[PDB]
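Written below as structure tokens is the structure these notes are about.
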Amino acid sequence: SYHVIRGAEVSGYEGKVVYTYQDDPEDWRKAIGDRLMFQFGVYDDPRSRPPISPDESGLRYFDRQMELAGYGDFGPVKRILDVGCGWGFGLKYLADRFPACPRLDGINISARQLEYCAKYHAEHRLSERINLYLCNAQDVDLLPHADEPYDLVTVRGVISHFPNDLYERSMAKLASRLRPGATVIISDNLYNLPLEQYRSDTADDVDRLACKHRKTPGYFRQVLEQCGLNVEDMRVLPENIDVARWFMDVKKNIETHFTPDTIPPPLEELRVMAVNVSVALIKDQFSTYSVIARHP
Ligand SMILES: Nc1ncnc2c1ncn2[C@@H]1O[C@H](CSCC[C@H](N)C(=O)O)[C@@H](O)[C@H]1O
Ligand SMILES: CC(C)=CCC/C(C)=C/CC/C(C)=C/COP(=O)(O)OP(=O)(O)O
Ligand SMILES: [Mg+2]
């Protein structure tokens with residue numbers, strides 16, 4: 001079960017995102033791993049015993065981001081928000097990491113992901129601690145209990161799906177729900193060239209995985225600052241060769257567990273996207289960034 005939140009002004013891009021994440025979570029598990037973590041991974045953790053799966057590299061990327069955010073006396077954490085909560089591992093990970101945090105909220109516009117989130121959280125006995133909302137990032141102001149501000153927010157691989165307009169409005173409303181000194185942990189995928197210069201290695205005529213709203217490091221950071229957040233740390237993470245590795249391991253998973261008949265269309269987009277983006281990553285035209293931001 002999830003609660004519904006509508007802001008009477010619906011984003012026209014929702015349909016494209018819903019389509020992307022519609023399909024059987026068991027097919028996604030075969031592509032990206034059992035944890036269903038969908039924002040890359042690091043292959044440099046001394047704890048990782050090769051071969052390193054997308055489950056291991058994803059987990060260790062999150063650990064590294066938690067370290068950079070200073071959660072290795074981290075201050076009060078009584079309420080957590082996961083923006084675009086995917087298939088719910090992010091909320092489970094934070095729940096286990098913050099056992100004295102009684103409230104974690106997840107927002108998502110994919111009903112199929114939220115259906116899987118509830119069943120998955122229930123199996124791990126977190127249903128009371130974790131609340132799920134069918135809620136666009138731009139209606140975060142409508143989330144219940146504005147009298148209880150968020151201490152920690154994750155936005156990992158979500159801003160890639162935002163039009164510039166949506167991104168600016170969402171971050172302004174997110175900022176308004178933060179306690180002073182609250183941390184925002186961001187992962188996203190940004191183009192290191194001017195947008196006019198960049199040319200897709202493999203022509204994208206179908207908008208692969210609803211990621212057409214490309215952004216630069218400069219603009220990305222400008223928006224966080226304009227909403228009154230302080231950028232504490234911004235860096236390439238994972239490294240280009242690690243994002244490429246994740247992509248190509250996921251491509252291999254898809255080509256090894258599916259045929260062109262049975263493959264769900266979004267996993268076909270991901271299979272093609274893997275070579276295109278990996279080439280762009282090798283050429284340093286594209287990087288995944290870790291951003292730690294705080295409310296002053
Ligand atoms: N405008 C929007 N508002 C809320 N959620 C959105 C959104 N656009 C995309 N999303 C969600 O953002 C997620 C992108 S994939 C990332 C999932 C998760 N952060 C992980 O690390 O695995 C999906 O759950 C998608 O449905
Ligand atoms: C969606 C998301 C951010 C979640 C995390 C996992 C993931 C697969 C990231 C996608 C990164 C991205 C912007 C791909 C663009 O490829 P493309 O083939 O669309 O590139 P192009 O069309 O710009 O050449
Ligand atoms: Mg694209």
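Chain lettering (A, B, ...) mirrors the order of the structure tokens, residue numbering begins at 1 for each chain separately, and ligand numbering begins at 1 in order of display.
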
Residues within 12 Å of residue 169 in chain A, please, as a PyMOL selection string. Count only C-alpha atoms; anything in the same chain fewer than 2 positions from it doesn't count. chain A and resi 11+136-141+159+162-167+171-176+223-224+226-227

Given a cut-off of 9 Å, what residues near ligand 3 show up using only C-alpha atoms and all ligand atoms, put as JSON, numbers by chain? {"A": [200, 203, 204, 205, 206, 207, 208, 209, 210, 211, 212, 213, 214, 273]}

Residues flagged helix (DSSP H, G or I) by DSSP in range 230-283 of chain A, as a PDB file with N, CA and C atoms, in the first residue's frame:
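To be explicit, this is the file written out as result.pdb:
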ATOM      1  N   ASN A 240      34.782   7.018 -14.260  1.00  0.00           N
ATOM      2  CA  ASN A 240      34.203   6.742 -15.603  1.00  0.00           C
ATOM      3  C   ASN A 240      34.279   5.242 -15.923  1.00  0.00           C
ATOM      4  N   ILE A 241      35.421   4.604 -15.653  1.00  0.00           N
ATOM      5  CA  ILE A 241      35.679   3.174 -16.004  1.00  0.00           C
ATOM      6  C   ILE A 241      34.788   2.252 -15.156  1.00  0.00           C
ATOM      7  N   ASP A 242      34.381   2.686 -13.957  1.00  0.00           N
ATOM      8  CA  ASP A 242      33.493   1.908 -13.052  1.00  0.00           C
ATOM      9  C   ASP A 242      32.045   2.000 -13.556  1.00  0.00           C
ATOM     10  N   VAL A 243      31.590   3.181 -13.985  1.00  0.00           N
ATOM     11  CA  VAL A 243      30.216   3.370 -14.546  1.00  0.00           C
ATOM     12  C   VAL A 243      30.099   2.530 -15.825  1.00  0.00           C
ATOM     13  N   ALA A 244      31.140   2.539 -16.661  1.00  0.00           N
ATOM     14  CA  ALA A 244      31.249   1.728 -17.897  1.00  0.00           C
ATOM     15  C   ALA A 244      31.186   0.236 -17.538  1.00  0.00           C
ATOM     16  N   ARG A 245      31.902  -0.172 -16.490  1.00  0.00           N
ATOM     17  CA  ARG A 245      31.965  -1.583 -16.027  1.00  0.00           C
ATOM     18  C   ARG A 245      30.555  -2.045 -15.638  1.00  0.00           C
ATOM     19  N   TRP A 246      29.898  -1.291 -14.755  1.00  0.00           N
ATOM     20  CA  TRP A 246      28.496  -1.526 -14.317  1.00  0.00           C
ATOM     21  C   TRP A 246      27.607  -1.710 -15.550  1.00  0.00           C
ATOM     22  N   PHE A 247      27.613  -0.733 -16.461  1.00  0.00           N
ATOM     23  CA  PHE A 247      26.811  -0.749 -17.713  1.00  0.00           C
ATOM     24  C   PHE A 247      27.053  -2.061 -18.471  1.00  0.00           C
ATOM     25  N   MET A 248      28.312  -2.450 -18.679  1.00  0.00           N
ATOM     26  CA  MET A 248      28.670  -3.614 -19.537  1.00  0.00           C
ATOM     27  C   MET A 248      28.359  -4.931 -18.815  1.00  0.00           C
ATOM     28  N   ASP A 249      28.495  -4.994 -17.488  1.00  0.00           N
ATOM     29  CA  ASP A 249      28.041  -6.173 -16.701  1.00  0.00           C
ATOM     30  C   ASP A 249      26.516  -6.296 -16.814  1.00  0.00           C
ATOM     31  N   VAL A 250      25.788  -5.177 -16.804  1.00  0.00           N
ATOM     32  CA  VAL A 250      24.298  -5.176 -16.898  1.00  0.00           C
ATOM     33  C   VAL A 250      23.881  -5.607 -18.312  1.00  0.00           C
ATOM     34  N   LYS A 251      24.570  -5.105 -19.343  1.00  0.00           N
ATOM     35  CA  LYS A 251      24.380  -5.504 -20.765  1.00  0.00           C
ATOM     36  C   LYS A 251      24.538  -7.026 -20.872  1.00  0.00           C
ATOM     37  N   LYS A 252      25.611  -7.577 -20.290  1.00  0.00           N
ATOM     38  CA  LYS A 252      25.926  -9.032 -20.310  1.00  0.00           C
ATOM     39  C   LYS A 252      24.802  -9.807 -19.607  1.00  0.00           C
ATOM     40  N   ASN A 253      24.342  -9.335 -18.443  1.00  0.00           N
ATOM     41  CA  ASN A 253      23.191  -9.921 -17.700  1.00  0.00           C
ATOM     42  C   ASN A 253      21.972 -10.007 -18.624  1.00  0.00           C
ATOM     43  N   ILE A 254      21.654  -8.916 -19.326  1.00  0.00           N
ATOM     44  CA  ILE A 254      20.435  -8.803 -20.183  1.00  0.00           C
ATOM     45  C   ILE A 254      20.557  -9.772 -21.368  1.00  0.00           C
ATOM     46  N   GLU A 255      21.732  -9.842 -21.996  1.00  0.00           N
ATOM     47  CA  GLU A 255      21.960 -10.643 -23.230  1.00  0.00           C
ATOM     48  C   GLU A 255      22.073 -12.131 -22.880  1.00  0.00           C
ATOM     49  N   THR A 256      22.208 -12.448 -21.591  1.00  0.00           N
ATOM     50  CA  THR A 256      22.444 -13.812 -21.055  1.00  0.00           C
ATOM     51  C   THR A 256      21.155 -14.374 -20.434  1.00  0.00           C
ATOM     52  N   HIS A 257      20.153 -13.529 -20.161  1.00  0.00           N
ATOM     53  CA  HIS A 257      18.888 -13.929 -19.482  1.00  0.00           C
ATOM     54  C   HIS A 257      17.657 -13.614 -20.342  1.00  0.00           C
ATOM     55  N   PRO A 265      10.757  -3.909 -23.292  1.00  0.00           N
ATOM     56  CA  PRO A 265      11.321  -2.804 -24.069  1.00  0.00           C
ATOM     57  C   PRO A 265      12.291  -1.905 -23.305  1.00  0.00           C
ATOM     58  N   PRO A 266      12.018  -1.497 -22.042  1.00  0.00           N
ATOM     59  CA  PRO A 266      12.972  -0.678 -21.288  1.00  0.00           C
ATOM     60  C   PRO A 266      14.328  -1.359 -21.042  1.00  0.00           C
ATOM     61  N   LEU A 267      14.365  -2.690 -20.931  1.00  0.00           N
ATOM     62  CA  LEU A 267      15.639  -3.434 -20.744  1.00  0.00           C
ATOM     63  C   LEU A 267      16.393  -3.499 -22.078  1.00  0.00           C
ATOM     64  N   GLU A 268      15.680  -3.458 -23.207  1.00  0.00           N
ATOM     65  CA  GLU A 268      16.297  -3.325 -24.556  1.00  0.00           C
ATOM     66  C   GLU A 268      16.950  -1.938 -24.657  1.00  0.00           C
ATOM     67  N   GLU A 269      16.269  -0.884 -24.193  1.00  0.00           N
ATOM     68  CA  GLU A 269      16.818   0.501 -24.160  1.00  0.00           C
ATOM     69  C   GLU A 269      18.113   0.514 -23.335  1.00  0.00           C
ATOM     70  N   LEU A 270      18.112  -0.137 -22.165  1.00  0.00           N
ATOM     71  CA  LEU A 270      19.273  -0.212 -21.232  1.00  0.00           C
ATOM     72  C   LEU A 270      20.418  -0.987 -21.895  1.00  0.00           C
ATOM     73  N   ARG A 271      20.097  -2.073 -22.609  1.00  0.00           N
ATOM     74  CA  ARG A 271      21.083  -2.929 -23.323  1.00  0.00           C
ATOM     75  C   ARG A 271      21.838  -2.069 -24.348  1.00  0.00           C
ATOM     76  N   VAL A 272      21.113  -1.276 -25.146  1.00  0.00           N
ATOM     77  CA  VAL A 272      21.667  -0.360 -26.192  1.00  0.00           C
ATOM     78  C   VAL A 272      22.395   0.806 -25.512  1.00  0.00           C
ATOM     79  N   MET A 273      21.754   1.438 -24.529  1.00  0.00           N
ATOM     80  CA  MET A 273      22.303   2.593 -23.769  1.00  0.00           C
ATOM     81  C   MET A 273      23.692   2.249 -23.207  1.00  0.00           C
ATOM     82  N   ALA A 274      23.919   0.980 -22.857  1.00  0.00           N
ATOM     83  CA  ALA A 274      25.148   0.494 -22.188  1.00  0.00           C
ATOM     84  C   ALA A 274      26.383   0.802 -23.047  1.00  0.00           C
ATOM     85  N   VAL A 275      26.365   0.459 -24.340  1.00  0.00           N
ATOM     86  CA  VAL A 275      27.519   0.691 -25.265  1.00  0.00           C
ATOM     87  C   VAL A 275      27.653   2.199 -25.502  1.00  0.00           C
ATOM     88  N   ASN A 276      26.545   2.864 -25.838  1.00  0.00           N
ATOM     89  CA  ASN A 276      26.509   4.314 -26.160  1.00  0.00           C
ATOM     90  C   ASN A 276      27.176   5.114 -25.037  1.00  0.00           C
ATOM     91  N   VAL A 277      26.700   4.939 -23.803  1.00  0.00           N
ATOM     92  CA  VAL A 277      27.137   5.744 -22.625  1.00  0.00           C
ATOM     93  C   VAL A 277      28.555   5.322 -22.216  1.00  0.00           C
ATOM     94  N   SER A 278      28.881   4.027 -22.287  1.00  0.00           N
ATOM     95  CA  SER A 278      30.227   3.492 -21.942  1.00  0.00           C
ATOM     96  C   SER A 278      31.275   4.138 -22.856  1.00  0.00           C
ATOM     97  N   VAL A 279      31.003   4.222 -24.160  1.00  0.00           N
ATOM     98  CA  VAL A 279      31.872   4.955 -25.129  1.00  0.00           C
ATOM     99  C   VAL A 279      32.023   6.403 -24.641  1.00  0.00           C
ATOM    100  N   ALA A 280      30.921   7.083 -24.310  1.00  0.00           N
ATOM    101  CA  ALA A 280      30.938   8.503 -23.880  1.00  0.00           C
ATOM    102  C   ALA A 280      31.758   8.627 -22.588  1.00  0.00           C
ATOM    103  N   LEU A 281      31.641   7.638 -21.698  1.00  0.00           N
ATOM    104  CA  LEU A 281      32.377   7.561 -20.406  1.00  0.00           C
ATOM    105  C   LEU A 281      33.882   7.402 -20.655  1.00  0.00           C
ATOM    106  N   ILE A 282      34.281   6.527 -21.582  1.00  0.00           N
ATOM    107  CA  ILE A 282      35.720   6.300 -21.908  1.00  0.00           C
ATOM    108  C   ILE A 282      36.311   7.615 -22.431  1.00  0.00           C
TER     109      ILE A 282
END

All residues 10 Å or closer to residue 194 in chain A, only C-alpha atoms, same chain fewer than 3 positions away omitted, as a PDB file with N, CA and C atoms, in the first residue's frame:
ATOM      1  N   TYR A 191      26.881  15.819 -18.318  1.00  0.00           N
ATOM      2  CA  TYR A 191      27.645  15.910 -19.585  1.00  0.00           C
ATOM      3  C   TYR A 191      28.726  16.980 -19.405  1.00  0.00           C
ATOM      4  N   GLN A 197      27.626  20.786 -28.281  1.00  0.00           N
ATOM      5  CA  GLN A 197      28.780  20.020 -28.835  1.00  0.00           C
ATOM      6  C   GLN A 197      28.497  18.513 -28.793  1.00  0.00           C
ATOM      7  N   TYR A 198      27.949  18.009 -27.681  1.00  0.00           N
ATOM      8  CA  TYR A 198      27.739  16.557 -27.430  1.00  0.00           C
ATOM      9  C   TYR A 198      26.891  15.944 -28.550  1.00  0.00           C
ATOM     10  N   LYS A 215      22.073  17.485 -18.403  1.00  0.00           N
ATOM     11  CA  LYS A 215      22.531  18.646 -17.591  1.00  0.00           C
ATOM     12  C   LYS A 215      24.058  18.620 -17.450  1.00  0.00           C
ATOM     13  N   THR A 216      24.665  19.803 -17.309  1.00  0.00           N
ATOM     14  CA  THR A 216      26.125  20.022 -17.118  1.00  0.00           C
ATOM     15  C   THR A 216      26.427  20.140 -15.626  1.00  0.00           C
ATOM     16  N   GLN A 285      33.167  12.376 -21.906  1.00  0.00           N
ATOM     17  CA  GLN A 285      32.089  13.290 -22.384  1.00  0.00           C
ATOM     18  C   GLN A 285      30.945  13.308 -21.364  1.00  0.00           C
TER      19      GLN A 285
END

Residues of chain A within 7 Å of ligand 1: nearest atom pair and distance (Å, one decimal) for each, counting only C-alpha atoms and all ligand atoms, sorted by chain and number, as CSV?
residue,atom,partner,partner_atom_place_in_ligand_line,distance
A:14,CA,ligand 1,1 (N),6.8
A:17,CA,ligand 1,26 (O),5.8
A:18,CA,ligand 1,26 (O),6.5
A:21,CA,ligand 1,26 (O),6.3
A:36,CA,ligand 1,22 (O),6.2
A:37,CA,ligand 1,22 (O),3.9
A:38,CA,ligand 1,22 (O),3.8
A:39,CA,ligand 1,21 (O),4.8
A:83,CA,ligand 1,5 (N),6.0
A:84,CA,ligand 1,12 (O),3.5
A:85,CA,ligand 1,18 (C),4.9
A:86,CA,ligand 1,24 (O),3.3
A:87,CA,ligand 1,22 (O),6.7
A:90,CA,ligand 1,21 (O),6.4
A:107,CA,ligand 1,4 (C),5.9
A:108,CA,ligand 1,5 (N),3.9
A:109,CA,ligand 1,5 (N),5.0
A:110,CA,ligand 1,26 (O),4.6
A:113,CA,ligand 1,24 (O),6.7
A:135,CA,ligand 1,4 (C),6.0
A:136,CA,ligand 1,3 (N),3.5
A:137,CA,ligand 1,3 (N),3.9
A:138,CA,ligand 1,1 (N),6.7
A:155,CA,ligand 1,19 (N),6.2
A:156,CA,ligand 1,19 (N),4.2
A:157,CA,ligand 1,16 (C),4.6
A:158,CA,ligand 1,12 (O),4.2
A:161,CA,ligand 1,8 (N),4.9
A:162,CA,ligand 1,1 (N),5.9

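Separating CA of residue 236 in chain A from CA of residue 289 in chain A is a distance of 4.5 Å.
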
Please list as a VMD selection string every residue within 8 Å of residue 88 in chain A, counting only C-alpha atoms and excluding residues in the same chain fewer than 5 positions away. chain A and resid 106 113 to 114 116 to 117 120 to 121

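For the pair CA of residue 290 in chain A and CA of residue 234 in chain A, the separation is 5.7 Å.
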
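Using only C-alpha atoms and all ligand atoms, the smallest distance between any of A:41, A:180, A:76, A:50 and ligand 2 comes from A:41.
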
What does the structure give for the distance between atom 23 (O, counted along the ligand's line) of ligand 2 and CA of residue 42 in chain A, in Å to one decimal? 21.9 Å

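DSSP secondary structure from the backbone places residues 79, 80, 81, 82, 83, 103, 104, 105, 106, 107 and 108 of chain A of range 11-116 of chain A in strand (DSSP E).
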
Deliver the residues from the most recent selection as a file, using N, CA, C and O atoms, as a compact mmCIF listing (two decimals), in the first residue's frame.
# COMPACT_ATOMS: atom_id res chain seq x y z
N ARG A 79 14.01 11.78 10.77
CA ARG A 79 13.16 11.65 9.56
C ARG A 79 14.02 11.68 8.29
O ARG A 79 14.81 12.63 8.11
N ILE A 80 13.83 10.68 7.43
CA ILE A 80 14.60 10.51 6.17
C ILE A 80 13.62 10.57 5.00
O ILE A 80 12.47 10.11 5.17
N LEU A 81 14.04 11.15 3.88
CA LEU A 81 13.29 11.15 2.59
C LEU A 81 14.17 10.51 1.51
O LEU A 81 15.36 10.90 1.40
N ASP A 82 13.63 9.55 0.77
CA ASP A 82 14.25 9.02 -0.47
C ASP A 82 13.42 9.49 -1.66
O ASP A 82 12.26 9.04 -1.79
N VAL A 83 13.98 10.40 -2.47
CA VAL A 83 13.31 11.00 -3.66
C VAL A 83 13.58 10.08 -4.85
O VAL A 83 14.77 9.87 -5.17
N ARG A 103 11.13 7.18 11.29
CA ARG A 103 10.36 7.55 10.07
C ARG A 103 11.29 7.70 8.86
O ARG A 103 12.19 8.56 8.88
N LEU A 104 11.04 6.90 7.83
CA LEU A 104 11.66 7.05 6.48
C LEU A 104 10.53 7.13 5.46
O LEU A 104 9.67 6.23 5.46
N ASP A 105 10.52 8.18 4.65
CA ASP A 105 9.50 8.43 3.59
C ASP A 105 10.15 8.18 2.23
O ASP A 105 11.28 8.64 2.04
N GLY A 106 9.47 7.47 1.34
CA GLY A 106 9.90 7.31 -0.06
C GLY A 106 8.86 7.87 -1.00
O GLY A 106 7.67 7.53 -0.80
N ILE A 107 9.26 8.69 -1.97
CA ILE A 107 8.34 9.19 -3.04
C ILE A 107 8.80 8.60 -4.38
O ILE A 107 10.01 8.38 -4.56
N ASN A 108 7.83 8.36 -5.26
CA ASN A 108 8.02 7.65 -6.55
C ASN A 108 6.76 7.89 -7.39
O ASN A 108 5.69 8.04 -6.79

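Using only C-alpha atoms and all ligand atoms, the nearest neighbour of ligand 2 within the list A:19, A:93, A:13, A:40 is A:40.
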
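Comparing A:193, A:153, A:101, A:4 by their smallest distance to ligand 2, the closest is A:193 (using only C-alpha atoms and all ligand atoms).
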
With only C-alpha atoms and all ligand atoms as the atoms that count, which of A:148, A:168, A:26, A:188 lies nearest to ligand 2? A:188
